[PDB]
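Undergrad: Enclosed is the structure file data33.cif (mmCIF, C-alpha atoms (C1' of nucleotides)).
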data_work
loop_
_atom_site.label_atom_id
_atom_site.label_comp_id
_atom_site.auth_asym_id
_atom_site.auth_seq_id
_atom_site.Cartn_x
_atom_site.Cartn_y
_atom_site.Cartn_z
CA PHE A 1 -19.42 -73.07 -17.77
CA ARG A 2 -15.97 -73.24 -16.26
CA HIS A 3 -16.85 -70.02 -14.46
CA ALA A 4 -19.66 -69.68 -11.94
CA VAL A 5 -21.12 -66.30 -11.17
CA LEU A 6 -23.66 -65.10 -8.65
CA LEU A 7 -24.80 -61.49 -8.63
CA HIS A 8 -26.17 -59.95 -5.48
CA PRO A 9 -29.09 -57.65 -6.37
CA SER A 10 -29.95 -54.19 -5.21
CA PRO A 11 -33.26 -53.95 -3.30
CA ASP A 12 -35.08 -52.33 -6.21
CA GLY A 13 -33.45 -54.59 -8.75
CA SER A 14 -31.98 -51.60 -10.58
CA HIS A 15 -28.36 -52.58 -10.04
CA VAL A 16 -25.98 -55.26 -8.86
CA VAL A 17 -24.06 -54.44 -5.68
CA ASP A 18 -21.87 -57.47 -5.00
CA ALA A 19 -20.71 -60.32 -7.21
CA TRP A 20 -19.22 -63.77 -6.68
CA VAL A 21 -17.02 -65.18 -9.46
CA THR A 22 -15.84 -68.71 -8.70
CA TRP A 23 -15.27 -72.12 -10.23
CA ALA A 24 -18.03 -74.65 -10.84
CA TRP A 25 -15.79 -77.58 -11.83
CA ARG A 26 -12.49 -78.97 -10.65
CA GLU A 27 -12.09 -81.53 -13.43
CA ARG A 28 -11.87 -80.28 -16.98
CA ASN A 29 -13.52 -82.26 -19.79
CA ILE A 30 -12.82 -82.17 -23.53
CA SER A 31 -15.62 -80.49 -25.24
CA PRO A 32 -16.72 -82.72 -28.10
CA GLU A 33 -16.45 -81.45 -31.68
CA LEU A 34 -14.89 -78.17 -32.74
CA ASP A 35 -16.84 -74.93 -32.30
CA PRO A 36 -18.30 -73.78 -35.65
CA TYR A 37 -17.71 -70.08 -35.07
CA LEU A 38 -14.01 -70.01 -34.33
CA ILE A 39 -11.20 -70.45 -36.87
CA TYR A 40 -9.03 -73.41 -35.90
CA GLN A 41 -5.41 -74.32 -36.44
CA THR A 42 -3.31 -77.43 -36.15
CA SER A 43 0.26 -77.15 -34.89
CA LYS A 44 3.18 -79.55 -34.95
CA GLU A 45 2.37 -82.42 -32.53
CA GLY A 46 -1.06 -82.38 -34.28
CA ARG A 47 -2.87 -80.55 -31.48
CA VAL A 48 -5.85 -78.48 -32.64
CA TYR A 49 -6.43 -75.04 -31.11
CA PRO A 50 -8.44 -71.94 -32.07
CA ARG A 51 -6.46 -69.19 -33.73
CA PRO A 52 -5.95 -66.41 -31.18
CA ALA A 53 -7.26 -62.95 -31.80
CA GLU A 54 -4.61 -60.41 -32.74
CA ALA A 55 -5.12 -56.73 -32.04
CA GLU A 56 -2.77 -55.93 -34.92
CA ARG A 57 -5.37 -57.14 -37.40
CA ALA A 58 -7.83 -54.82 -35.70
CA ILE A 59 -5.63 -51.87 -36.63
CA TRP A 60 -7.12 -52.15 -40.12
CA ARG A 61 -10.77 -51.81 -39.20
CA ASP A 62 -12.98 -54.76 -40.15
CA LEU A 63 -10.43 -57.03 -41.79
CA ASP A 64 -11.79 -60.33 -40.44
CA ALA A 65 -15.27 -59.87 -41.82
CA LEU A 66 -13.71 -60.05 -45.26
CA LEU A 67 -13.50 -63.77 -44.41
CA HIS A 68 -16.46 -64.39 -46.69
CA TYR A 69 -14.52 -63.46 -49.83
CA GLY A 70 -12.16 -66.42 -49.41
CA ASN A 71 -7.99 -72.71 -46.95
CA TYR A 72 -9.35 -73.33 -43.46
CA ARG A 73 -12.80 -71.78 -42.86
CA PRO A 74 -15.24 -71.93 -39.94
CA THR A 75 -17.81 -74.68 -40.33
CA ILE A 76 -20.93 -72.66 -39.55
CA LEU A 77 -20.07 -70.23 -42.32
CA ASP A 78 -19.10 -73.12 -44.52
CA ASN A 79 -22.47 -74.78 -44.13
CA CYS A 80 -24.80 -71.76 -44.36
CA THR A 81 -22.96 -69.32 -46.59
CA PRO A 82 -22.18 -71.54 -49.59
CA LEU A 83 -24.32 -72.82 -52.45
CA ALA A 84 -24.86 -76.45 -51.37
CA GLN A 85 -27.17 -75.21 -48.59
CA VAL A 86 -30.65 -74.22 -49.85
CA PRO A 87 -31.72 -70.53 -49.79
CA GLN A 88 -31.93 -68.94 -53.25
CA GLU A 89 -30.90 -65.24 -53.18
CA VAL A 90 -30.35 -64.75 -49.44
CA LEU A 91 -26.67 -65.51 -49.82
CA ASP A 92 -26.25 -62.45 -52.01
CA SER A 93 -26.96 -59.98 -49.24
CA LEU A 94 -25.63 -61.79 -46.18
CA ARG A 95 -22.67 -60.08 -44.56
CA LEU A 96 -20.33 -61.38 -41.88
CA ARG A 97 -19.54 -59.97 -38.45
CA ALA A 98 -16.84 -61.02 -35.98
CA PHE A 99 -16.28 -60.41 -32.26
CA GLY A 100 -12.67 -60.79 -31.21
CA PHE A 101 -11.15 -60.46 -27.76
CA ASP A 102 -7.36 -60.59 -27.99
CA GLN A 103 -5.96 -61.38 -24.55
CA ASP A 104 -3.66 -63.67 -22.68
CA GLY A 105 -4.94 -67.12 -22.02
CA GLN A 106 -4.22 -66.25 -18.38
CA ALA A 107 -5.54 -63.09 -16.75
CA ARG A 108 -3.94 -60.39 -18.92
CA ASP A 109 -6.08 -58.73 -21.59
CA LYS A 110 -5.22 -56.40 -24.41
CA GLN A 111 -7.90 -55.51 -26.94
CA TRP A 112 -11.34 -56.35 -28.24
CA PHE A 113 -13.03 -55.37 -31.50
CA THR A 114 -16.14 -55.95 -33.57
CA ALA A 115 -16.05 -56.15 -37.35
CA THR A 116 -18.93 -56.16 -39.83
CA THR A 117 -17.97 -56.38 -43.49
CA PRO A 118 -18.22 -53.08 -45.38
CA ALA A 119 -21.38 -52.80 -47.41
CA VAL A 120 -19.50 -50.83 -50.02
CA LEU A 121 -17.61 -53.83 -51.32
CA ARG A 122 -20.67 -55.76 -52.49
CA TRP A 123 -22.62 -52.61 -53.34
CA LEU A 124 -19.83 -51.40 -55.62
CA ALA A 125 -20.46 -54.69 -57.45
CA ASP A 126 -24.14 -53.83 -58.09
CA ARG A 127 -23.72 -50.23 -59.15
CA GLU A 128 -22.75 -51.56 -62.60
CA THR A 129 -25.12 -54.55 -62.91
CA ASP A 130 -23.09 -56.52 -65.43
CA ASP A 131 -21.95 -60.13 -65.39
CA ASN A 132 -18.32 -59.41 -66.23
CA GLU A 133 -17.00 -56.15 -64.81
CA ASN A 134 -18.75 -57.35 -61.61
CA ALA A 135 -17.23 -60.84 -61.49
CA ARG A 136 -13.96 -59.05 -62.15
CA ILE A 137 -14.56 -56.67 -59.22
CA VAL A 138 -15.37 -59.58 -56.96
CA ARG A 139 -12.40 -61.46 -58.32
CA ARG A 140 -10.18 -58.47 -57.68
CA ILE A 141 -11.41 -57.97 -54.14
CA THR A 142 -11.04 -61.65 -53.28
CA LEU A 143 -7.64 -61.52 -54.85
CA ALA A 144 -6.64 -58.42 -52.92
CA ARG A 145 -7.62 -59.98 -49.62
CA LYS A 146 -5.65 -63.15 -50.37
CA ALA A 147 -2.46 -61.20 -51.13
CA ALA A 148 -2.75 -59.05 -48.02
CA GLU A 149 -3.14 -62.04 -45.72
CA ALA A 150 -0.53 -64.31 -47.31
CA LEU A 151 2.04 -61.59 -46.97
CA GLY A 152 0.75 -60.83 -43.52
CA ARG A 153 1.75 -64.28 -42.38
CA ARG A 154 4.90 -64.22 -44.47
CA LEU A 155 5.84 -60.95 -42.75
CA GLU A 156 4.95 -62.23 -39.26
CA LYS A 157 7.10 -65.32 -39.74
CA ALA A 158 9.76 -63.13 -41.36
CA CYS A 159 10.08 -60.81 -38.39
CA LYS A 160 9.69 -63.64 -35.94
CA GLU A 161 12.37 -65.79 -37.57
CA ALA A 162 14.77 -62.89 -38.06
CA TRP A 163 14.46 -61.65 -34.50
CA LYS A 164 15.18 -65.06 -33.05
CA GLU A 165 18.10 -65.56 -35.41
CA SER A 166 19.64 -62.11 -35.02
CA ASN A 167 20.03 -62.62 -31.30
CA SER A 168 20.88 -66.34 -31.62
CA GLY A 169 9.52 -61.01 -30.61
CA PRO A 170 9.14 -57.23 -30.48
CA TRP A 171 9.90 -56.92 -34.19
CA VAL A 172 6.64 -58.72 -34.95
CA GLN A 173 4.45 -56.20 -33.13
CA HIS A 174 5.66 -53.13 -34.96
CA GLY A 175 5.99 -55.16 -38.13
CA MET A 176 2.32 -56.06 -38.12
CA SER A 177 1.23 -52.62 -36.91
CA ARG A 178 3.05 -50.89 -39.70
CA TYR A 179 1.96 -53.62 -42.09
CA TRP A 180 -1.79 -53.28 -41.73
CA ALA A 181 -1.59 -49.51 -41.36
CA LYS A 182 0.16 -49.24 -44.74
CA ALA A 183 -1.68 -52.18 -46.28
CA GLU A 184 -5.13 -50.69 -45.59
CA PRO A 185 -5.12 -47.81 -48.13
CA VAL A 186 -3.41 -49.86 -50.83
CA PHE A 187 -6.22 -52.40 -50.56
CA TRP A 188 -8.84 -49.67 -50.90
CA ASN A 189 -6.89 -48.35 -53.86
CA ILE A 190 -6.87 -51.78 -55.49
CA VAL A 191 -10.60 -52.17 -55.07
CA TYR A 192 -11.50 -48.79 -56.54
CA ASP A 193 -8.79 -49.34 -59.11
CA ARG A 194 -7.43 -45.98 -58.01
CA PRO A 195 -3.70 -45.90 -58.57
CA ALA A 196 -1.71 -47.45 -55.74
CA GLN A 197 2.03 -47.98 -55.89
CA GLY A 198 2.82 -51.53 -56.87
CA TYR A 199 -0.48 -51.67 -58.72
CA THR A 200 -1.68 -50.72 -62.19
CA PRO A 201 -5.39 -50.08 -62.55
CA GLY A 202 -7.14 -52.85 -64.47
CA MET A 203 -4.54 -55.55 -63.74
CA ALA A 204 -6.02 -59.04 -63.39
CA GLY A 205 -4.85 -59.35 -59.77
CA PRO A 206 -3.26 -57.57 -56.82
CA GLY A 207 -0.10 -57.03 -58.85
CA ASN A 208 2.56 -57.13 -56.17
CA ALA A 209 0.92 -54.13 -54.53
CA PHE A 210 0.86 -55.94 -51.22
CA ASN A 211 4.38 -57.39 -51.47
CA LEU A 212 5.69 -53.83 -51.60
CA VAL A 213 3.93 -52.68 -48.44
CA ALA A 214 5.19 -55.66 -46.50
CA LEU A 215 8.74 -54.93 -47.61
CA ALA A 216 8.43 -51.30 -46.57
CA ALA A 217 7.06 -52.16 -43.14
CA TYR A 218 9.68 -54.86 -42.61
CA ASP A 219 12.46 -52.52 -43.72
CA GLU A 220 10.95 -49.82 -41.52
CA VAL A 221 11.22 -52.10 -38.48
CA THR A 222 14.53 -53.87 -39.02
CA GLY A 223 16.00 -50.65 -40.36
CA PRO A 224 18.20 -49.45 -37.48
CA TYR A 225 19.60 -53.01 -36.88
CA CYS A 226 20.69 -53.91 -40.35
CA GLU A 227 23.96 -52.07 -39.54
CA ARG A 228 26.27 -54.86 -38.35
CA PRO A 229 27.17 -57.30 -41.11
CA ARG A 230 26.30 -60.48 -39.12
CA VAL A 231 22.78 -59.23 -38.25
CA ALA A 232 22.43 -57.65 -41.65
CA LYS A 233 23.03 -61.05 -43.22
CA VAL A 234 20.27 -62.62 -41.13
CA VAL A 235 17.84 -59.76 -41.79
CA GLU A 236 18.51 -60.01 -45.50
CA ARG A 237 18.00 -63.73 -45.57
CA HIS A 238 14.55 -63.18 -44.17
CA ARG A 239 13.48 -60.13 -46.10
CA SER A 240 14.28 -62.04 -49.27
CA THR A 241 11.41 -64.41 -48.50
CA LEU A 242 8.87 -61.55 -48.85
CA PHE A 243 9.98 -61.02 -52.46
CA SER A 244 7.58 -63.68 -53.74
"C1'" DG B 1 17.16 25.26 -57.75
"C1'" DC B 2 17.74 21.72 -60.79
"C1'" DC B 3 19.41 19.66 -64.65
"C1'" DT B 4 22.59 19.06 -68.26
"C1'" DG B 5 26.84 19.34 -70.39
"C1'" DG B 6 31.72 19.67 -70.37
"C1'" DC B 7 36.66 18.97 -68.74
"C1'" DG B 8 44.61 20.84 -75.07
"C1'" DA B 9 46.82 17.20 -77.67
"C1'" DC B 10 47.27 10.99 -76.23
"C1'" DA B 11 48.09 6.55 -83.30
"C1'" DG B 12 47.45 2.96 -86.66
"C1'" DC B 13 47.86 -2.50 -88.60
"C1'" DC B 14 49.69 -6.96 -89.16
"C1'" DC B 15 50.82 -11.32 -87.09
"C1'" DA B 16 49.72 -16.30 -83.58
"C1'" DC B 17 53.40 -23.58 -85.23
"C1'" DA B 18 53.75 -28.16 -86.65
"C1'" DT B 19 54.36 -33.82 -84.14
"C1'" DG B 20 55.31 -37.54 -81.29
"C1'" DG B 21 55.00 -40.36 -77.21
"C1'" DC B 22 51.46 -41.65 -72.37
"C1'" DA B 23 54.34 -48.74 -68.35
"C1'" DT B 24 54.27 -53.06 -66.26
"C1'" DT B 25 54.05 -57.02 -62.20
"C1'" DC B 26 52.42 -58.29 -57.32
"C1'" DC B 27 49.96 -58.63 -52.84
"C1'" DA B 28 44.42 -58.08 -49.66
"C1'" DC B 29 44.47 -61.58 -42.41
"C1'" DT B 30 43.20 -63.70 -38.07
"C1'" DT B 31 40.10 -64.37 -32.90
"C1'" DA B 32 37.38 -63.79 -29.25
"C1'" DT B 33 33.32 -61.87 -27.08
"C1'" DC B 34 27.16 -61.01 -28.06
"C1'" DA B 35 23.14 -59.39 -20.19
"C1'" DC B 36 19.62 -58.98 -17.11
"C1'" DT B 37 14.42 -57.12 -15.33
"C1'" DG B 38 9.20 -56.42 -15.39
"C1'" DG B 39 5.07 -54.40 -16.12
"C1'" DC B 40 -1.19 -61.80 -14.63
"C1'" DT B 41 -4.88 -62.99 -10.98
"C1'" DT B 42 -6.13 -63.86 -4.87
"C1'" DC B 43 -4.90 -65.54 -1.09
"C1'" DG B 44 -2.21 -67.91 2.29
"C1'" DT B 45 1.70 -68.91 4.64
"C1'" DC B 46 6.01 -67.96 6.42
"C1'" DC B 47 9.54 -65.24 8.12
"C1'" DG B 48 11.24 -61.18 9.95
"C1'" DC B 49 10.88 -57.33 12.72
"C1'" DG B 50 9.12 -54.67 16.45
#
How would this structure read if it were set down as structure tokens?

TA:
Amino acid sequence: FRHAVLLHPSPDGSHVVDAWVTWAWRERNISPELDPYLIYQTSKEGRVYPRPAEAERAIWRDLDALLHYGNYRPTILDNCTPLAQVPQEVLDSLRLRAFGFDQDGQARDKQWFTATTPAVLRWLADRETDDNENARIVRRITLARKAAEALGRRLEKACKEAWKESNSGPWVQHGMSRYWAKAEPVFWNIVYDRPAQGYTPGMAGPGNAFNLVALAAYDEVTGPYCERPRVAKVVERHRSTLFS
DNA sequence: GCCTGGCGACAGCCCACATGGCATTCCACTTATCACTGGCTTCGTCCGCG
């Protein structure tokens, strides 16, 4: 470990009284091979780093554990969860859990959250017990998740690009907060097939349901600043990208 | 006491429009400007003040 701890005991051993947190190494070493658990990302210059936790995705409880219904995927999951592996039925009832600690890479810290996948999503598939309405449920759910995330990144980059341009960002924080808060019930309406705006029950896919929520959150955030024509032109150039 | 009815006489009828018209040119700007600050850690050293 990069950190070295020593805990001074209480005489009974019931508690710790003092603690020493200090370095064990002066020279850092590259740890060989990427960590299976984390989700990685490559960025211009080609450097590979783990995707940071975001407390905005924790606003919608348990969104990361929906990772199973899926581009880039953690290797441990991609070895043990799929069908090349070896178990027979086990894979049907496995369910994913994630521990995320969103914080600064320095000493500031913001939020942590656990996230087990809901057992309702797979159990709603077995209530029926048919090959087709079930594969269609699973297809819908996987489809819903894909739409919500693609427009989550589209909306992050939208707000981020617009904020930088408008001043020649704080818009991203409220953008994502509003996004997942509004995008959470529309997802659960798409799964149950209940009627959600931007969606028609029984449609083959998400149906633009998600693209509408992103536009409403974005327009909710950039709303007071689309007044001046110069800034309004920038904001419009970047909301247009969320039109899909 | 409450409810209802009454208080000269006070006019009637007929009549009501057709037709026509309703504009057109031109002209619509430039320039300059567009903030800062911070909300990490512990410790050590230096400088200032008493």

Undergrad: Just the number, please: distance in Å from CA of residue 134 in chain A to CA of residue 192 in chain A, one decimal.

TA: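 Distance reported for this atom pair: 12.3 Å.
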
Undergrad: I need the output of the PyMOL selection byres ((chain B) within 10 of (chain A)) for this file as a short mmCIF file (atom, residue, chain, number, x, y, z; two decimals) with C-alpha atoms (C1' of nucleotides), in the frame of the given file; which residues are they?

TA:
data_model
loop_
_atom_site.label_atom_id
_atom_site.label_comp_id
_atom_site.auth_asym_id
_atom_site.auth_seq_id
_atom_site.Cartn_x
_atom_site.Cartn_y
_atom_site.Cartn_z
"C1'" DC B 34 27.16 -61.01 -28.06
"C1'" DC B 40 -1.19 -61.80 -14.63
"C1'" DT B 41 -4.88 -62.99 -10.98
#

Undergrad: Specify as a compact mmCIF listing (two decimals) with C-alpha atoms, in the coordinates of the input each residue included when the PyMOL selection byres ((chain A and resi 152) around 10) is applied to this file.

TA:
# COMPACT_ATOMS: atom_id res chain seq x y z
CA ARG A 57 -5.37 -57.14 -37.40
CA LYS A 146 -5.65 -63.15 -50.37
CA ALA A 147 -2.46 -61.20 -51.13
CA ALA A 148 -2.75 -59.05 -48.02
CA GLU A 149 -3.14 -62.04 -45.72
CA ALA A 150 -0.53 -64.31 -47.31
CA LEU A 151 2.04 -61.59 -46.97
CA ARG A 153 1.75 -64.28 -42.38
CA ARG A 154 4.90 -64.22 -44.47
CA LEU A 155 5.84 -60.95 -42.75
CA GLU A 156 4.95 -62.23 -39.26
CA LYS A 157 7.10 -65.32 -39.74
CA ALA A 158 9.76 -63.13 -41.36
CA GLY A 175 5.99 -55.16 -38.13
CA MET A 176 2.32 -56.06 -38.12
CA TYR A 179 1.96 -53.62 -42.09
CA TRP A 180 -1.79 -53.28 -41.73
CA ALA A 183 -1.68 -52.18 -46.28
CA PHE A 210 0.86 -55.94 -51.22
CA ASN A 211 4.38 -57.39 -51.47
CA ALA A 214 5.19 -55.66 -46.50
CA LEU A 242 8.87 -61.55 -48.85

Undergrad: Go ahead and find all residues with at least one atom no further than 12 Å from (3.4, -51.8, -56.2) in the file's coordinates, using all atoms listed in the file; report them as a PyMOL selection string.

TA: chain A and resi 183+186-187+189-190+195-201+203+205-216+243

Undergrad: Identify, on the basis of only C-alpha atoms (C1' of nucleotides), every residue whose closest approach to range 94-96 of chain A does not exceed 9 Å; exclude the query and any residue fewer than 2 positions from it along the same chain; express the result as a list in words.

TA: residues 64, 65, 66, 67, 68, 77, 81, 90, 91, 92, 98, 115, 116, 117, 118 and 119 of chain A

Undergrad: Between CA of residue 159 in chain A and CA of residue 238 in chain A, what distance in Å does the model show, to one decimal?

TA: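 Distance between the two atoms: 7.7 Å.
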
Undergrad: Could you add the missing atoms to range 10-32 of chain A, up to N, CA and C atoms, and return them as an mmCIF file, keeping the file's coordinate frame?

TA:
data_model
loop_
_atom_site.group_PDB
_atom_site.id
_atom_site.type_symbol
_atom_site.label_atom_id
_atom_site.label_comp_id
_atom_site.auth_asym_id
_atom_site.auth_seq_id
_atom_site.Cartn_x
_atom_site.Cartn_y
_atom_site.Cartn_z
ATOM 1 N N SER A 10 -29.530 -55.326 -6.009
ATOM 2 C CA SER A 10 -29.950 -54.190 -5.210
ATOM 3 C C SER A 10 -31.418 -54.351 -4.849
ATOM 4 N N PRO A 11 -31.874 -53.707 -3.761
ATOM 5 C CA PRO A 11 -33.260 -53.950 -3.300
ATOM 6 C C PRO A 11 -34.322 -53.664 -4.332
ATOM 7 N N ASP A 12 -34.143 -52.614 -5.131
ATOM 8 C CA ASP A 12 -35.080 -52.330 -6.210
ATOM 9 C C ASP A 12 -34.916 -53.253 -7.393
ATOM 10 N N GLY A 13 -33.760 -53.880 -7.536
ATOM 11 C CA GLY A 13 -33.450 -54.590 -8.750
ATOM 12 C C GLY A 13 -32.860 -53.733 -9.846
ATOM 13 N N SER A 14 -32.538 -52.475 -9.559
ATOM 14 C CA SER A 14 -31.980 -51.600 -10.580
ATOM 15 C C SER A 14 -30.515 -51.869 -10.859
ATOM 16 N N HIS A 15 -29.790 -52.422 -9.897
ATOM 17 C CA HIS A 15 -28.360 -52.580 -10.040
ATOM 18 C C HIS A 15 -27.905 -53.832 -9.320
ATOM 19 N N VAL A 16 -26.693 -54.255 -9.628
ATOM 20 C CA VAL A 16 -25.980 -55.260 -8.860
ATOM 21 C C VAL A 16 -25.025 -54.553 -7.925
ATOM 22 N N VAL A 17 -24.910 -55.042 -6.696
ATOM 23 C CA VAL A 17 -24.060 -54.440 -5.680
ATOM 24 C C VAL A 17 -22.821 -55.277 -5.416
ATOM 25 N N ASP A 18 -22.990 -56.573 -5.211
ATOM 26 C CA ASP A 18 -21.870 -57.470 -5.000
ATOM 27 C C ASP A 18 -21.912 -58.602 -6.009
ATOM 28 N N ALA A 19 -20.767 -59.229 -6.248
ATOM 29 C CA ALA A 19 -20.710 -60.320 -7.210
ATOM 30 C C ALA A 19 -19.749 -61.381 -6.704
ATOM 31 N N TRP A 20 -20.045 -62.625 -7.048
ATOM 32 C CA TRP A 20 -19.220 -63.770 -6.680
ATOM 33 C C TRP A 20 -18.798 -64.495 -7.951
ATOM 34 N N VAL A 21 -17.524 -64.437 -8.311
ATOM 35 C CA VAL A 21 -17.020 -65.180 -9.460
ATOM 36 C C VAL A 21 -16.179 -66.334 -8.938
ATOM 37 N N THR A 22 -16.569 -67.570 -9.238
ATOM 38 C CA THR A 22 -15.840 -68.710 -8.700
ATOM 39 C C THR A 22 -16.073 -69.923 -9.578
ATOM 40 N N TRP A 23 -15.174 -70.891 -9.466
ATOM 41 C CA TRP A 23 -15.270 -72.120 -10.230
ATOM 42 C C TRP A 23 -16.508 -72.951 -9.911
ATOM 43 N N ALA A 24 -16.995 -73.642 -10.946
ATOM 44 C CA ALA A 24 -18.030 -74.650 -10.840
ATOM 45 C C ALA A 24 -17.537 -76.067 -11.068
ATOM 46 N N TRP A 25 -16.322 -76.248 -11.570
ATOM 47 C CA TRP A 25 -15.790 -77.580 -11.830
ATOM 48 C C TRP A 25 -14.303 -77.612 -11.564
ATOM 49 N N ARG A 26 -13.882 -78.678 -10.909
ATOM 50 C CA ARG A 26 -12.490 -78.970 -10.650
ATOM 51 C C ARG A 26 -11.860 -79.783 -11.774
ATOM 52 N N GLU A 27 -12.616 -80.682 -12.384
ATOM 53 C CA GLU A 27 -12.090 -81.530 -13.430
ATOM 54 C C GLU A 27 -12.534 -81.035 -14.790
ATOM 55 N N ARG A 28 -11.581 -80.724 -15.634
ATOM 56 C CA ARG A 28 -11.870 -80.280 -16.980
ATOM 57 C C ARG A 28 -12.173 -81.474 -17.873
ATOM 58 N N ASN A 29 -13.050 -81.252 -18.838
ATOM 59 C CA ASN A 29 -13.520 -82.260 -19.790
ATOM 60 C C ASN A 29 -13.323 -81.682 -21.196
ATOM 61 N N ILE A 30 -13.005 -82.568 -22.146
ATOM 62 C CA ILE A 30 -12.820 -82.170 -23.530
ATOM 63 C C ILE A 30 -14.181 -81.864 -24.124
ATOM 64 N N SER A 31 -14.294 -80.744 -24.743
ATOM 65 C CA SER A 31 -15.620 -80.490 -25.240
ATOM 66 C C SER A 31 -15.709 -81.167 -26.588
ATOM 67 N N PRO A 32 -16.714 -81.987 -26.839
ATOM 68 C CA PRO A 32 -16.720 -82.720 -28.100
ATOM 69 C C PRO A 32 -16.990 -81.832 -29.300
#
